[PDB]
Amino acid sequence: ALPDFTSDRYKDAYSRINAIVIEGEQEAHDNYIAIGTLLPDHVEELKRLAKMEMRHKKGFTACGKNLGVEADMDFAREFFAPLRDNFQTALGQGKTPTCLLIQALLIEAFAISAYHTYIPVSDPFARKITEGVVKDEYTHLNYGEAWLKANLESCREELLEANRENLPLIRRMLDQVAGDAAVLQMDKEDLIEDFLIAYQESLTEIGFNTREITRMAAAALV
Ligand SMILES: CCCCCCCCC[C@H]1C[C@@H]1C(=O)O
Ligand SMILES: CCCCCCCCC[C@H]1C[C@@H]1C(=O)O
Ligand SMILES: [Fe+3]
Ligand SMILES: [Fe+3]
């Protein structure tokens, strides 16, 4: 079941998935620095999280070089453009809860699910790097959960709306790269299950009850 990491078929799919990961890590660095403009008293903790994202970017860049793959960065920039646009719109409006739901909840849960699914089908070099990034993703999820938990009563409506707009985008993003992910021996159903578990757990921690979490699923489905 392990892929042939040397095949042209594998390298071609890896060129796009690796580019998406590298671009995602860079955008995550930029997103945490940007949140510092909304939360000036959190600048030092946000700088620490952003520095972790740059370490992740460096490690994943090394994964592609190790396999002799040239990352398709243009494809990766286009892939993230709709979610990037929604983050920038919220940032411009000073909508800290939306920025945090996009980056610290949705994007971190997408990273955790992708990395968890990739680990068992990864080459030995990339496996160690990916295992070494996972604890940081939980730190990032925890940062977003803690702020949203502390501020839940002022932003329930905004979070429902951020979810309605951005959760279907994450679903479309998975559909776009499910083909390449299957070449990497990653199952779309496992990617979805892990993402939903992480996202449900974050919403529970923040303070949403079962009905409210189901309302968020209903809003995204409508
Ligand atoms: C189907 C597998 C596609 C891989 C998607 C990976 C998205 C990158 C997630 C990184 C930006 C998140 C972070 O570092 O917090
Ligand atoms: C990596 C996993 C990304 C897919 C998770 C998205 C869950 C789908 C939930 C409802 C909002 C989707 C829709 O039908 O538009
Ligand atoms: Fe990261
Ligand atoms: Fe992260």
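Per the PDB entry, the chain goes by the name Aldehyde decarbonylase and belongs to Prochlorococcus marinus. The record lists the entry's title as "Insights into Substrate and Metal Binding from the Crystal Structure of Cyanobacterial Aldehyde Deformylating Oxygenase with Substrate Bound". Per UniProt, the chain carries the Function text "Catalyzes the decarbonylation of fatty aldehydes to alkanes. Requires the presence of ferredoxin, ferredoxin reductase and NADPH for in vitro decarbonylase activity (By similarity). Involved in the biosynthesis of alkanes, mainly heptadecane and pentadecane." The record held by UniProt for the chain lists under Sequence similarities the comment "Belongs to the aldehyde decarbonylase family."

Neighbouring residues of ligand 1: 15 residues in total, closest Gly24, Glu25, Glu53, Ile107 and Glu108. Within the contact set of ligand 1, an oxygen atom lies 3.4 Å away from a side-chain nitrogen or oxygen of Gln103. For ligand 1, the protein covers 99% of the area, taking 460 Å² as the surface of the free molecule. At the level of secondary structure, the elements contributing two or more residues to the shell around ligand 1 comprise α1 (8–38), α4 (96–118) and α6 (152–183). Among the elements that take part in the shell around ligand 1, α4 stands out by supplying 7 residues, more than any other. Split into classes, the residues belonging to the shell around ligand 1 amount to 10 nonpolar, 2 polar and 3 charged.

Below, the discussion takes up the site of ligand 2. All residues in the neighbourhood of ligand 2 are listed as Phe110, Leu167, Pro168, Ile170, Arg171, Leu174, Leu191, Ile192, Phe195, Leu196, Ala220 and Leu221. Measuring from an oxygen atom of ligand 2, one finds a side-chain N or O atom of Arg171 at 2.8 Å. If ligand 2 stood free it would expose 450 Å²; the protein chains cover 87% of that surface. Mapped onto the shell around ligand 2, the elements with two or more residues apiece are α6, α7 (188–206) and α8 (210–221). With 5 residues, α6 is the largest single contributor of residues to the shell around ligand 2. Grouping the amino acids of the shell around ligand 2 by side-chain chemistry returns 11 nonpolar, no polar and 1 charged.

Surrounding the iron ion (ligand 3) are the protein donor atoms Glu25 (OE), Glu53 (OE) and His56 (ND1), which sit 2.0 to 2.2 Å from the metal. Every donor counted, the 4 donor atoms about the iron ion (ligand 3) form angles of 80 to 173° at the centre, which fits irregular coordination. Considered as a linear motif, the donors of the iron ion (ligand 3) on their single chain read E-x27-E-x2-H. A distance of 3.4 Å spans the gap from the iron ion (ligand 3) to the iron ion (ligand 4), which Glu53 bridges by coordinating each metal. Here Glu53 and its partner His56 are both found in helix α2 (residues 43–66), 3 residues apart, which amounts to about one turn of the helix. For the residue pair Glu53 and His56, the accessibility class agrees, reading buried in each case.

Scanning the entire structure with this criterion turns up 12 salt bridges. Linking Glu205 and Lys149 is a salt bridge whose minimum nitrogen-to-oxygen distance equals 2.9 Å. Here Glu205, found in helix α7, pairs with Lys149, found in helix α5 (residues 124–150); they are 56 residues apart in sequence, far enough to count as distant. A residue is classified by how much of its surface remains accessible, and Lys149, at 45% relative accessible area, is partly exposed. One salt-bridge network, in which partners are shared between bridges, spans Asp12, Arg16 and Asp180.

What counts, and where the lines are drawn
Residues carry numbers counted from 1 along their chain as the sequence is written. These may differ from the entry numbering, and residues without coordinates are not shown. Whichever chain is written first becomes A and whichever ligand is written first becomes 1, with later ones labelled in order. Hydrogens are left out, water is left out, and the side-chain values use all remaining heavy atoms of the structure. Residues with missing side-chain atoms are left out of burial classes, side-chain pairs and their counts. UniProt positions are given in the numbering used here, feature names are shortened, and annotations may be inferred rather than shown by experiment. Here a residue counts as near a molecule or strand whenever at least one of its heavy atoms sits within 4 Å of it. A 3.5 Å cut-off defines polar contacts: any pair of N or O atoms within that distance qualifies, except that in protein one atom must be a possible hydrogen donor and the other a possible acceptor, and neighbouring residues in sequence count only when both atoms are side-chain atoms. In short, Shrake-Rupley with a 1.4 Å probe defines the accessible areas, and a residue's cover is counted only from the protein chains shown. What counts as a helix is a DSSP run of H or I of at least four residues, what counts as a strand is a run of E of at least two, and both are numbered from the N terminus. By the convention adopted, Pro, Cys, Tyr, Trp, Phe, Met, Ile, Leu, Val and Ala count as nonpolar, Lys, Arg, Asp and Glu as charged, and the other residues, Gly among them, as polar. For Na, K and Ca the donor cutoff is 3.2 Å, while for all other metals N, O and S atoms must lie within 2.8 Å; water is not among the atoms, so some sites may look incomplete. For a four-donor site, all angles between 85 and 135 degrees give tetrahedral; for four or six donors, opposite pairs above 155 degrees with the remaining angles between 65 and 115 give square planar or octahedral; all remaining cases count as irregular. Think of it in three bands: with a 1.4 Å probe and only protein chains considered, a residue is buried below 20% of the maximum accessible area for its type, exposed above 50%, and partly exposed in between. Take a side-chain nitrogen of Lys or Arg and a carboxyl oxygen of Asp or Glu: if they are within 4 Å of each other, that pair is a salt bridge.

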